[PDB]
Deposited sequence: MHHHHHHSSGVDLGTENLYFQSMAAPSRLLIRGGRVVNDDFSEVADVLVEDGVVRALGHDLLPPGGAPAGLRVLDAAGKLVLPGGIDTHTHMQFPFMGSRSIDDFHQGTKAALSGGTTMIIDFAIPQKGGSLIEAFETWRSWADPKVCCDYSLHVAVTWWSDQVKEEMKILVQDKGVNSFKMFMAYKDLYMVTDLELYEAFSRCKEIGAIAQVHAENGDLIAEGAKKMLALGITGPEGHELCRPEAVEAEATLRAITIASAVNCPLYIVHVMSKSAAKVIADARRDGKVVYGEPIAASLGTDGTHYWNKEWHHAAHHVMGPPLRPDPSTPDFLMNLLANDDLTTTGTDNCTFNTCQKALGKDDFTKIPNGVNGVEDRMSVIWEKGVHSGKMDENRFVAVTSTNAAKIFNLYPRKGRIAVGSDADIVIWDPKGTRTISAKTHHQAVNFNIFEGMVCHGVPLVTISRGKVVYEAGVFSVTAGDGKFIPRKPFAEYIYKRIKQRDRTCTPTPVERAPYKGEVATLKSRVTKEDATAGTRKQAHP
């Protein structure tokens, strides 16, 4: 019922100090200098917000083995107290129907708080209306549109134009999967026609130019409509370089690198054992440039990239095996939900690239601001939800598929020694993870709704309507 985190160092996005945290009924009630936790010499961080998960997802052939129960269980064991999953309807399928379906899958299963993005996979007047209802009635402020996945989720530039316009009118952010779907389709034919059936052909048919082209296109469509943009799972230096320069030019665009692209690379597609390479297959692919994790982390520290996801969409080895003779038939997706925090602490904080405060912003706070959850989440303050992690920076931890809490039998961070270990995870004011032991039950986590027009992204969009709308030049008629 009551928690007292004592002698710990409370670390937020803006500031850190030595203070004590009094938690009551799921909320931080006090800060200042029946259970007491000794956090001396340790860090008291807001719980991680993973902005990108795909739990139990019927994708291509099958569903991902990490479901909303085990996936959140694994999230909590890693320091992440909130996931934002995607409600994906089929072409011609209802958006509200997909949202309700995804809720019934998650509500009784989830162990930590969660919310939902909704994908606009096709376009009509019916989609246009369903978007407004999801914002007003269901608590949705984000919509994902696909530039990749031809004949599955892909939309044209006109449909991107329309979808962004609608996002603007109803106060939602636009999310885009930036890859040229026409090039990935024609490229995949070429690779198979050349006899490259392995996972290396997956990356080879989608070089980073394809990712970067679509990224700039998304940015250009969004800028022409004055709609705030969010670029999901940024994988390449080129795509990141585009987002960085766009923001430099004053475009309202935000980049989300994932654990995968910050912790490992795409050289693993060329690995001699098929299963190793197949377990790295996702969209966009991991890049065969070993200096990518370094570059992506650098921009993230500098706020050129701002939020962090995992794109967690895990498949077993035998599940991945569905594309053993055809790389297009491999279920796309990798692990990340559990290890995100540690991977970023090790590769980002311990490496000297960013503060502990930047780490908080990058794993929690920036997500809260963008998806309108601040300061309810992403902050340890009076009134905020008690999603708290007691973090030991000094201690080490080895990532292994034999020791992790994910359902997948493979880890892309296998063997990685990470500084920063979550000793205690607190979700909704209740200790749910402590030294390998869970204190959670299914359905304890709750869906939390989000309001439109997030000030962090929309306040400067609204001014642009007022003052960047052009006016005619007064002339005499010819």
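- Residues of the deposited sequence with no modelled C-alpha atom fall in the ranges 1-26, 60-70, 516-541.
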